[PDB]
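In: A structural model of the following input is requested.
(chains A, B, C and D)
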Amino acid sequence: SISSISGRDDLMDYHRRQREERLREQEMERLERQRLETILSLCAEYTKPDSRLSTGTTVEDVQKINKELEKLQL
Amino acid sequence: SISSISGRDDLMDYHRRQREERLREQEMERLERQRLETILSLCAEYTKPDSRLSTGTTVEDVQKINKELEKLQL
Amino acid sequence: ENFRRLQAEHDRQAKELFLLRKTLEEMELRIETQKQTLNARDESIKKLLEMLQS
Amino acid sequence: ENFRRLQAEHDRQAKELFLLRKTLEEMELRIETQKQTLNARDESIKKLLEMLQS
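Out: Numbers count the residues shown, from 1 in each chain, chains lettered A, B, ... in the order given. Sure, structure below:
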């Protein structure tokens, strides 16, 4: 916490933590956009079966993205 | 942005914005926990149909929470 | 003269340091409360996908 | 004497003000990138619920 942080050393470490957490959260955002796209085509498989958007996406294709998300959180 | 913010007046307004956004995001967290619980019992209706957890939850019961979420975002 | 002018800016930066730290605590809670909403929506997505396989 | 001691703390608080503002920019991006992930997971949940009704 920043309340118990005081000094040049504690701040430089705290700023480093916020930068490292941002880069890992920006990587999380890019992965989540791929999960959204894969989920959109997954729902198109049933709400629009005869449409051009029904590209054969299954839940396993979304769970493959779920596995990469759990790698970053580990 | 804080980069283009300088002075006592711009900071006090920026701190007020962060406090008002937090209270609205803490209200979002409480609503999302109710959506999670309602979704858990919704999935129990099909993965555990004969279980005690299948309490008759439908998608409409989750969409009722979805409507309250869209009120805060408005 | 210049000592008081320098002493005046010390009080100005001190109140600015005060506001910057109070703003950091509000953003610490924003990031934390958003970390909780993300985990709640991630468990929701995963439980809905495990249900679709049934 | 006391002027230089006071002038020394001015440079100390200045570098602290520098770090506090650079940390605010990193947390601005953290909140923003988490706002985007939340909206992506919210649209995912809603599209999965609209699909279950079919």
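In: from the centroid of chain A, which residue is nearest?
Out: The centroid of chain A falls nearest to residue A:28 when counting by C-alpha atoms, centre = their mean (3.0 Å).
In: so it is in which element?
Out: helix A:8-47 (DSSP states H and E).
In: flag every buried residue along stretch C:19-35.
Out: For stretch C:19-35, a neighbour-count test (16 or more other C-beta atoms under 10 Å in any protein chain shown) marks C:19-31, C:33-34 as buried. Yep, even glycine has a C-beta here, placed from its N, CA and C like the rest.
In: narrow those residues to those in helices?
Out: Residues of the buried residues of stretch C:19-35 located in helices (DSSP state H): C:19-31, C:33-34.
In: run through these and flag the ones next to chain D.
Out: C:20-21, C:23-24, C:27-28, C:30-31, C:34 (C-beta under 8 Å from any C-beta of the partner chain).
In: re the thing from before, ok, now which ones touch the residue nearest to the centre of chain A?
Out: Contact analysis of residue A:28 by C-beta atoms under 8 Å, 6 or more residues apart in numbering or on different chains lists A:69, A:72, D:33, D:37.
In: now list the buried members of the residues you listed.
Out: A:69, D:33, D:37.
In: from those residues, pick the one nearest chain C.
Out: residue D:37 (6.1 Å; C-beta to the nearest C-beta).
In: how about the contacts of residue A:28 in a markdown table, adding distance to residue A:33 and secondary structure?
Out: Shown next, in a markdown table, are the contacts of residue A:28 (distance: C-beta to C-beta, whole Å; DSSP: H, G, I helix; E, B strand; the rest coil):
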| residue | distance to residue A:33 | secondary structure |
| --- | --- | --- |
| A:69 | 12 | helix |
| A:72 | 14 | helix |
| D:33 | 11 | helix |
| D:37 | 9 | helix |
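In: from residue B:72, how far out is the residue nearest the centre of chain C?
Out: The centre of chain C sits closest to residue C:27, judged by C-alpha atoms, centre = their mean, with a distance of 1.4 Å. Separation of residue C:27 from residue B:72 (C-beta to C-beta, to the nearest Å) stands at 19 Å.
In: go on, residue A:17?
Out: From residue A:17 across to residue B:72, the span is 30 Å (C-beta to C-beta).
In: circling back: list just the nearest of the buried residues of stretch C:19-35 to chain A.
Out: Using C-beta to the nearest C-beta, the buried residues of stretch C:19-35 come closest to chain A at residue C:24, 4.4 Å.
In: tell me the contacts of the closest one?
Out: Residue C:24 makes contact with A:2, D:20, D:23-24, D:27, according to C-beta under 8 Å, 6+ apart.
In: nearest to chain B, of those?
Out: Using C-beta to the nearest C-beta, the contacts of residue C:24 come closest to chain B at residue D:24, 4.4 Å.
In: what does chain A put close to chain C?
Out: So far as C-beta under 8 Å from any C-beta goes, chain A lies against chain C at A:1-3, A:35, A:39, A:59, A:62-63, A:66, A:69.
In: kindly format the C-alpha coordinates of stretch C:41-52 as CSV.
Out: Extracted in CSV, the C-alpha atoms of stretch C:41-52 (Å, rounded to 0.1, in the frame of the first residue of the first chain):
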residue,chain,number,x,y,z
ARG,C,41,-17.0,-12.3,-14.8
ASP,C,42,-14.2,-14.8,-15.6
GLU,C,43,-15.8,-17.5,-13.4
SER,C,44,-19.2,-16.7,-15.0
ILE,C,45,-17.8,-17.2,-18.5
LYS,C,46,-16.1,-20.4,-17.6
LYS,C,47,-19.1,-21.9,-15.9
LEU,C,48,-21.3,-21.0,-18.9
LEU,C,49,-18.9,-22.8,-21.2
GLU,C,50,-18.6,-25.9,-19.0
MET,C,51,-22.5,-25.9,-19.1
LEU,C,52,-22.7,-25.7,-22.9
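In: many thanks, have a good one.
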